[PDB]
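Here's the structure, in structure tokens; my notes come after.
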Amino acid sequence: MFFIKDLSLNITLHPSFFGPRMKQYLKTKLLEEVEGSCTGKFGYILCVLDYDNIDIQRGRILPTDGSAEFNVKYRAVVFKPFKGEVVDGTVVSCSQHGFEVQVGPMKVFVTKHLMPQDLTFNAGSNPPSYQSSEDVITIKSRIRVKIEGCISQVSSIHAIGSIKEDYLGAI
Amino acid sequence: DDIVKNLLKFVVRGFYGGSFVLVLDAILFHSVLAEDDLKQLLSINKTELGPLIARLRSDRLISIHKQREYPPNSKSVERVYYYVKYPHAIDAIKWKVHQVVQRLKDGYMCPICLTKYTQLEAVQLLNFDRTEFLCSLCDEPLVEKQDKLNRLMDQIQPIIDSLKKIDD
Amino acid sequence: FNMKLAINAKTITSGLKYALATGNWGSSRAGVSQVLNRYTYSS
Amino acid sequence: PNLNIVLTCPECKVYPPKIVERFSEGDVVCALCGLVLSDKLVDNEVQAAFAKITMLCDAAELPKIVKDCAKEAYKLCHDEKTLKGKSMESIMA
Ligand SMILES: [Zn+2]
């Protein structure tokens, strides 16, 4: 699910950055860290909306290291994957345990045990493909995947789904 | 009380050996006994009757009332009353059979590391360079009955049917 | 019966040796024994 | 399973570790680039047998070294098959 949320973040300026232009530096560090990074709580952070209106609040100096800390409240778009969710993806890597589905920034894996009986692995194809009674699953092939489960780690996310059920499989 | 006796015999066949079954049948033959009556009735000793009594006490199979015969000849009389309680036995058997079925109803491990991993750990352990699940610290390969439990469950199914017949 | 086995010398010997080493008479007493001060002949 | 820690200089990397350890500074340093590797370096039958054995060697006034060699010896024999007896007097002697 692609959502938008108001997010808070704390930032640390090395003292040498305290020149009047510093606010720009703030927006710089904000974009650099936040965009493209992942956070277990809010999912993959995608892009920061409302670049110009970013609230600086009031910068506090902490004890030793003399480095200025801030709290930035900003609005941004992030992707949070969910359990029991149906998504579409394109295969990238193929394993005997299953093929790894690429959904957005996230790589979803499907277990062979989560796959129908008719669907079979083929190592005699280049690259290795899954040839069912009808559909043939290959890298560039598109497959509709319902996500069975998700593992959320601070700074990363990984997960599983199954095309076993109805209205699923190759797109 | 024929159905209850049949359920008790089935429990004796399932739980323990034949000597305990015979002791239960002997208690079934005679209405009430006090603490010495099995010893007169049986060729086993009292100390060994005691290990068997402790085994019965471990379960809910039967019940004990502890009574004194009051008349003041010497120390009076320690009479124990062993009477089977059907509700406790029914509850314990149901809990055991259901728990057994749950156990029958109930993966990654590295050979050198002897660690253990799960499906969520599978998403973490996947590497793009090779195709495999790699261990965390040692980066070792990862490796990893029900039908037989189902056949033994066929024995459990006759007992469940007998319990249903006893209920109705 | 053999006299050497009946009498155990280290009882007494190691007992005294121990006591004077630790200086504890028992504690029921302590510090009775002290290493001599050779700082100066007066001391 | 692994768990063995080795100290290696990421800047040198040339050899395995060749280092010196400084106890006073309580730190350990590669002898080459002079980099500090680590910091804050911190500073029933048997008992009965050895009891009576102890008594015997004691009455014999044998120095503790002898006593302890015999103790060690006896532990090795202990309960083994081939001994198959001797009532505990023969073994102690
Ligand atoms: Zn070095």
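Residue numbering restarts at 1 in every chain; chains get A, B, ... in the order shown in the structure tokens, and ligands count up from 1 in that same order.
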
For residue C:9, list every protein, DNA or RNA residue within 10 Å, evaluated using only C-alpha atoms, and leave out those in the same chain fewer than 2 positions away; present the list as a PyMOL selection string.
-> (chain C and resi 4-7+11-15) or (chain D and resi 55+58-61)

Which residues sit within 9 Å of ligand 1, counting only C-alpha atoms and all ligand atoms, listed as a list in words?
-> residues 8, 9, 10, 11, 12, 13, 14, 17, 18, 19, 29, 30, 31, 32, 33, 34, 35, 36 and 37 of chain D

Kindly export the residues of the current selection with N, CA and C atoms, as a JSON list (two decimals), in the first residue's frame.
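Result written to selection.json:
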```
[["chain", "number", "residue", "atom", "x", "y", "z"],
["D", 8, "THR", "N", 42.83, -8.46, 14.09],
["D", 8, "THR", "CA", 43.50, -8.18, 12.83],
["D", 8, "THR", "C", 43.40, -6.69, 12.51],
["D", 9, "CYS", "N", 44.45, -6.16, 11.90],
["D", 9, "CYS", "CA", 44.52, -4.74, 11.59],
["D", 9, "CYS", "C", 43.86, -4.48, 10.25],
["D", 10, "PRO", "N", 42.72, -3.80, 10.19],
["D", 10, "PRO", "CA", 42.10, -3.52, 8.89],
["D", 10, "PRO", "C", 42.92, -2.62, 7.99],
["D", 11, "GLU", "N", 43.79, -1.78, 8.55],
["D", 11, "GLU", "CA", 44.65, -0.97, 7.69],
["D", 11, "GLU", "C", 45.87, -1.74, 7.21],
["D", 12, "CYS", "N", 46.44, -2.60, 8.04],
["D", 12, "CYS", "CA", 47.58, -3.38, 7.58],
["D", 12, "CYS", "C", 47.14, -4.56, 6.72],
["D", 13, "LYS", "N", 46.48, -5.54, 7.34],
["D", 13, "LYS", "CA", 45.93, -6.70, 6.63],
["D", 13, "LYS", "C", 47.02, -7.55, 5.98],
["D", 14, "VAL", "N", 48.27, -7.08, 6.03],
["D", 14, "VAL", "CA", 49.35, -7.76, 5.32],
["D", 14, "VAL", "C", 49.55, -9.17, 5.86],
["D", 17, "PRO", "N", 47.71, -11.43, 12.65],
["D", 17, "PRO", "CA", 48.16, -10.48, 13.67],
["D", 17, "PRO", "C", 49.63, -10.67, 13.99],
["D", 18, "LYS", "N", 50.37, -9.57, 13.96],
["D", 18, "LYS", "CA", 51.62, -9.44, 14.68],
["D", 18, "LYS", "C", 51.51, -8.15, 15.47],
["D", 19, "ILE", "N", 51.40, -8.27, 16.79],
["D", 19, "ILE", "CA", 51.00, -7.16, 17.65],
["D", 19, "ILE", "C", 51.81, -7.22, 18.94],
["D", 29, "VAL", "N", 47.93, -3.26, 20.58],
["D", 29, "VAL", "CA", 48.30, -2.44, 19.43],
["D", 29, "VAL", "C", 49.07, -3.26, 18.41],
["D", 30, "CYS", "N", 48.72, -3.08, 17.13],
["D", 30, "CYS", "CA", 49.53, -3.56, 16.03],
["D", 30, "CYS", "C", 50.91, -2.92, 16.05],
["D", 31, "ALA", "N", 51.95, -3.74, 16.01],
["D", 31, "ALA", "CA", 53.31, -3.24, 16.08],
["D", 31, "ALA", "C", 53.75, -2.49, 14.82],
["D", 32, "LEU", "N", 52.93, -2.46, 13.78],
["D", 32, "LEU", "CA", 53.38, -1.90, 12.51],
["D", 32, "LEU", "C", 52.87, -0.48, 12.32],
["D", 33, "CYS", "N", 51.59, -0.34, 11.97],
["D", 33, "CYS", "CA", 51.04, 1.00, 11.80],
["D", 33, "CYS", "C", 50.83, 1.70, 13.12],
["D", 34, "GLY", "N", 51.06, 1.01, 14.23],
["D", 34, "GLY", "CA", 50.81, 1.56, 15.55],
["D", 34, "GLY", "C", 49.35, 1.91, 15.75],
["D", 35, "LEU", "N", 48.46, 0.98, 15.49],
["D", 35, "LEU", "CA", 47.04, 1.20, 15.69],
["D", 35, "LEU", "C", 46.59, 0.39, 16.89],
["D", 36, "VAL", "N", 45.63, 0.92, 17.64],
["D", 36, "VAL", "CA", 45.18, 0.24, 18.84],
["D", 36, "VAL", "C", 44.10, -0.76, 18.46],
["D", 37, "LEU", "N", 44.36, -2.03, 18.74],
["D", 37, "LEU", "CA", 43.39, -3.06, 18.40],
["D", 37, "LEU", "C", 42.28, -3.14, 19.44]]
```

Pick from D:77, D:83, D:65, D:57: nearest to chain C, with only C-alpha atoms counted?
-> D:57

Within chain A, find each residue whose DSSP state, derived from the backbone, is strand (DSSP E or B), and express the selection as an MDAnalysis selection string.
-> chainID A and resid 2:13 38:39 43:49 55 60:61 68:79 85:95 98:103 106:109 120:122 129:131 136:137 142:153 156:162 169:170

Extract, using only C-alpha atoms, all DNA, RNA and protein residues at most 12 Å from residue A:31, discarding same-chain residues fewer than 2 positions from it, and format them as a list in words.
->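 My list of contacting residues is residues 9, 11, 24, 25, 26, 27, 28, 29, 33, 34, 35, 36, 37, 45, 46, 47, 48, 49, 50, 51, 54, 72, 74, 75 and 76 of chain A.
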
Keeping only N, CA, C and O atoms, write the selected residues as a CSV table (one decimal), in the first residue's frame.
```
chain,number,residue,atom,x,y,z
A,9,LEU,N,11.4,13.5,12.6
A,9,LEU,CA,12.7,13.0,12.6
A,9,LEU,C,13.6,13.9,13.3
A,9,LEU,O,13.4,15.2,13.3
A,11,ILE,N,17.6,15.3,13.9
A,11,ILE,CA,18.8,15.5,13.0
A,11,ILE,C,19.9,16.1,13.8
A,11,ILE,O,19.6,16.9,14.7
A,24,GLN,N,19.0,25.3,4.9
A,24,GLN,CA,19.1,24.6,3.7
A,24,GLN,C,19.8,23.2,4.0
A,24,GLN,O,19.4,22.2,3.5
A,25,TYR,N,20.9,23.3,4.7
A,25,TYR,CA,21.6,22.1,5.1
A,25,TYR,C,20.6,21.1,5.8
A,25,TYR,O,20.7,19.9,5.6
A,26,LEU,N,19.7,21.6,6.6
A,26,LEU,CA,18.7,20.8,7.3
A,26,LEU,C,17.9,20.0,6.2
A,26,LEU,O,17.8,18.8,6.2
A,27,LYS,N,17.2,20.8,5.3
A,27,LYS,CA,16.5,20.1,4.2
A,27,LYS,C,17.3,19.2,3.4
A,27,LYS,O,16.8,18.1,3.0
A,28,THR,N,18.6,19.5,3.2
A,28,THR,CA,19.5,18.5,2.6
A,28,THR,C,19.6,17.2,3.3
A,28,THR,O,19.3,16.1,2.8
A,29,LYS,N,20.1,17.3,4.6
A,29,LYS,CA,20.2,16.0,5.3
A,29,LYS,C,18.9,15.3,5.4
A,29,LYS,O,18.8,14.1,5.3
A,33,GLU,N,18.8,11.4,4.0
A,33,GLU,CA,18.6,10.3,4.9
A,33,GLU,C,17.2,9.7,4.6
A,33,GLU,O,17.1,8.5,4.3
A,34,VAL,N,16.2,10.5,4.5
A,34,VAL,CA,14.8,10.0,4.6
A,34,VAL,C,14.4,9.3,3.3
A,34,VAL,O,13.9,8.2,3.3
A,35,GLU,N,14.6,10.0,2.2
A,35,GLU,CA,14.2,9.4,0.9
A,35,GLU,C,15.0,8.2,0.5
A,35,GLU,O,16.2,8.3,0.6
A,36,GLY,N,14.3,7.2,0.1
A,36,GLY,CA,15.0,5.9,-0.2
A,36,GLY,C,15.3,5.0,1.0
A,36,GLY,O,15.5,3.8,0.7
A,37,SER,N,15.4,5.5,2.2
A,37,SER,CA,15.6,4.7,3.3
A,37,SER,C,14.3,3.9,3.7
A,37,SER,O,13.2,4.3,3.3
A,45,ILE,N,10.4,4.5,3.1
A,45,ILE,CA,10.1,5.9,2.8
A,45,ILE,C,10.5,6.2,1.4
A,45,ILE,O,11.6,5.9,0.9
A,46,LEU,N,9.6,6.8,0.7
A,46,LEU,CA,9.7,7.0,-0.8
A,46,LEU,C,10.1,8.4,-1.1
A,46,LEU,O,11.2,8.7,-1.5
A,47,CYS,N,9.2,9.4,-1.0
A,47,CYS,CA,9.6,10.8,-1.3
A,47,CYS,C,8.9,11.7,-0.3
A,47,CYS,O,7.9,11.4,0.3
A,48,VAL,N,9.6,12.9,-0.2
A,48,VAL,CA,9.1,13.9,0.8
A,48,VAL,C,8.3,14.9,0.1
A,48,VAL,O,8.8,15.6,-0.8
A,49,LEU,N,7.0,15.0,0.5
A,49,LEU,CA,6.1,16.1,0.0
A,49,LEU,C,6.4,17.4,0.7
A,49,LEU,O,7.0,17.4,1.8
A,50,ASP,N,5.9,18.5,0.1
A,50,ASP,CA,5.9,19.8,0.8
A,50,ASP,C,7.3,20.2,1.2
A,50,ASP,O,7.6,20.5,2.4
A,51,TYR,N,8.2,20.2,0.2
A,51,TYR,CA,9.6,20.6,0.5
A,51,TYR,C,9.8,22.0,1.1
A,51,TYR,O,10.6,22.2,2.0
A,54,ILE,N,8.7,22.9,5.2
A,54,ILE,CA,9.2,22.1,6.3
A,54,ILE,C,9.4,22.9,7.5
A,54,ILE,O,10.0,24.0,7.5
A,72,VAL,N,12.3,17.7,13.0
A,72,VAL,CA,11.7,18.1,11.7
A,72,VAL,C,10.3,17.4,11.6
A,72,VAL,O,10.3,16.1,11.6
A,74,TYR,N,7.5,16.8,8.8
A,74,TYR,CA,7.4,16.9,7.4
A,74,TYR,C,6.3,15.9,6.9
A,74,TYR,O,5.9,15.0,7.7
A,75,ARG,N,5.9,16.0,5.7
A,75,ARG,CA,4.9,15.2,5.1
A,75,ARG,C,5.4,14.4,3.9
A,75,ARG,O,6.0,15.0,3.0
A,76,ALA,N,5.2,13.1,3.9
A,76,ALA,CA,5.9,12.3,2.9
A,76,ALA,C,5.1,11.1,2.5
A,76,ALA,O,4.2,10.7,3.2
```
